[PDB]
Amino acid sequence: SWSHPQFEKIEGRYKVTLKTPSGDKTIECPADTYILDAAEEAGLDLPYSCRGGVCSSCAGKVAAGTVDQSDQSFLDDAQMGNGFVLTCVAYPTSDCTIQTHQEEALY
């Protein structure tokens, strides 16, 4: 192996502000890391079920910034156009603010 952590995990991280029901919590999220994975590693308890982009459990809404959720399946094109994000399969592509716990907002 290597005598250092992976550069991709130490450097170049995006700021992700999770606007949760219990307040805003800003974490660093590597570009190669799904938002849910960074949040759960940081000790947050965000909702999820399938971890595969096929449900609404981990849904959030992008309040600021952009994501890459090319692996997602469940959201329709309009929902994604309107800012919904499946946090379990979404990489940040900018500093961003994601309101969590938005499953119920989906129609």
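For every residue, the number given is its place in the sequence shown, counted from 1.
Set 3 to 11 against 98 to 106 and average the Cα temperature factors; 3 to 11 ends up higher. The mean C-alpha temperature factor is higher for 35 to 43 when 49 to 57 and 35 to 43 are set side by side. Within the selection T87, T17, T93, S22, the deposited Cα B-factor values reach their highest point at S22.
Ranked within its chain, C29 lands in the highest third, by CA B factor from the PDB record.
Sorting the modelled residues of the chain by their CA temperature factor places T66 in the lowest third.
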